[PDB]
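You are given structure tokens for the same protein chain in two forms, set apart as structure 1 and structure 2.
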Structure 1
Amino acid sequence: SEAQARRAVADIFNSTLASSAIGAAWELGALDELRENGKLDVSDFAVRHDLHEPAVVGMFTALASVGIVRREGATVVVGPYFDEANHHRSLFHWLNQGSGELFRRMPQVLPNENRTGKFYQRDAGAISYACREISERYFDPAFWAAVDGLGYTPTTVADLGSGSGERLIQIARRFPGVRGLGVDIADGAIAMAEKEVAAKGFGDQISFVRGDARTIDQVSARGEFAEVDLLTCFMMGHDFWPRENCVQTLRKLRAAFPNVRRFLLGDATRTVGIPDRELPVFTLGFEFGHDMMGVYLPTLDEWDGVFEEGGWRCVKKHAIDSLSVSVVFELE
């Protein structure tokens, strides 16, 4: 009936603002406060954080509009969907705060004659803020299970796409005096990681180099690569694709890190045959987004069928619970 349609459309409209508020509420500290305390006071929160209170009221209202919170007086309370939304909060951030400009510009991005040069913008800073927690909450457990079953003690580890440095820091903690090499394409990340490494006492163990897995052989730290016996690479596998570029990069990595014994490669992958009305969280946004950026996403099976050609043998594999279909390969 028409009343059902009004309601469902209104919900779509309001989910939009709830969606954008989920990641905002996270960044601003609201969700955390709500998880500990079950309850908060809007004004008191606004004063403490020094936020424009009429906008704060809207934020929670947006969240309340779809049952993530409940409002009673000037009090906001966790609602029936608080845990699900909060569990997945960094995905909403990725979607909105990170990638909001891409989806906004849909009528501009879809036309073929616009799809040349740099044809879309995203907030690089926002993306790395969400990708941090995305790595931690979704990929880490499997990353550690892979490390748990290496069958040897690494002496030198390289991490492709090292971001903030935290993965190499945790590795140094696991294996006290291991050396670390982080490869990152971004100068901001490098400086940040050098600072954070230094901050935690590892300046002497962990160093960073500017670069891309895809041109890893042109990198001037190349002579340090012979020492590396563990290789890691999370959340950028798909950017090695198309398939023939992937084969090339994998071979380049094989040759440049000849003494690597295990290479842990983690990423999300493209799903097949999920029906339109049962699509889980993230999946459509991840997939639709990369199609909008004209970036191909392999499936699990496509990864499976590229390793040997790329010069690697896959010896273990771990599914992620649950971020579309995501996986950690162990290669050798």
Structure 2
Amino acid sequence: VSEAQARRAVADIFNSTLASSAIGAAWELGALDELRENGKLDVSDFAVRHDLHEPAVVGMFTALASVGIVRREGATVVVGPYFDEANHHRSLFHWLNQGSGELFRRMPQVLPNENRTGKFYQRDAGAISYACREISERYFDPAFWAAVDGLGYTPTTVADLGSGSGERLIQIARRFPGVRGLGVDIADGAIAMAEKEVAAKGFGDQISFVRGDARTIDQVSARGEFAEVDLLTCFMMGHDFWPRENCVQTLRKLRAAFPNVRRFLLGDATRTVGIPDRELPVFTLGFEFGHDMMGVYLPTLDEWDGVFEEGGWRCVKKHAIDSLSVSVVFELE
């Protein structure tokens, strides 16, 4: 209410922007892990160990300090009041900023209808793939590995739709050493990352990747390899199949393109309903706003339940995900 209160709050919003960006960068540059492990670090030492521009490192930590993630004491950076929560959700900040920053930055050019043709926004596919690797482990894994443990069979060939970093295929190969893996992704930067990772991790002879549009799966260049697939996975792009009639038809095409698939594991975030503006939790606003900016439909959880049957699949189990807006894993059959 007061003029002093408004001044602080606006300063906080301004500083939050820099802290937000610094969260994913601090994660990526290794500082969050060190803070988590030791509770404190020495800025100069850190900058020297990691060969970083020290004046910028000071600002990074200052940014974090400005909103209570961290607390500076002389030459020392110490864990702050909000560190565990921020560190828990760090990959969502990375997704927001390092991954998706160019979308949100260009709001004034992306909103006007006359600009909304062809490629009217840009994001960093590799940075998204990187963040999503942790989003997956942090939020979706317990459900994913529960679904994998409940398969009732040992997969031999697995296909992953919107494969990103390729980590899901690697993980399935670590679990089922005989398995062959095929990832489909529409993004060059994703394919590039994934091929690097399977090479580096020793899986190049077991896992391959094709650039293609899972929405039009029957057009994809790897047609002949789909007949041997007996496990299908799709995480964090289901909403891209929408709106509803498109999703139904894509699901029918997947059923037919993948005739030997027994189980199809599908994980995604969904659109929320009725959350107060002042009570929006982490991620939700960015997820929803980002996709509305991109002109991409986001179904609610309710809308998903309705499409599987017409899509030619039976939903056998459904898992709630903790604290990633409203997210879900479906086990389909």
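For clarity, a rigid core is taken as the largest C-alpha set superposing within 1.5 Å between two forms. Counting starts at 1 and follows the sequence of structure 1.
In a rigid core superposition between structure 1 and structure 2, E166 is the single residue of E101, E133, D140, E166 whose Cα is displaced by 2 Å or more.
In a rigid-core overlay of the protein, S207 has its C-alpha displaced by at least 2 Å between structure 1 and structure 2.
Relative to the superposed rigid core, the position of the CA of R89 differs between structure 1 and structure 2 by less than 2 Å.
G237: CA moves less than 2 Å between structure 1 and structure 2 after rigid-core fitting. Relative displacement of the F263 Cα between structure 1 and structure 2 on rigid core alignment is 1.5 Å. When the core is overlaid, the C-alpha of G180 ends up 3.9 Å from its other position between structure 1 and structure 2.
When the rigid core is fitted, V219 shows a C-alpha shift of 4.1 Å between structure 1 and structure 2.
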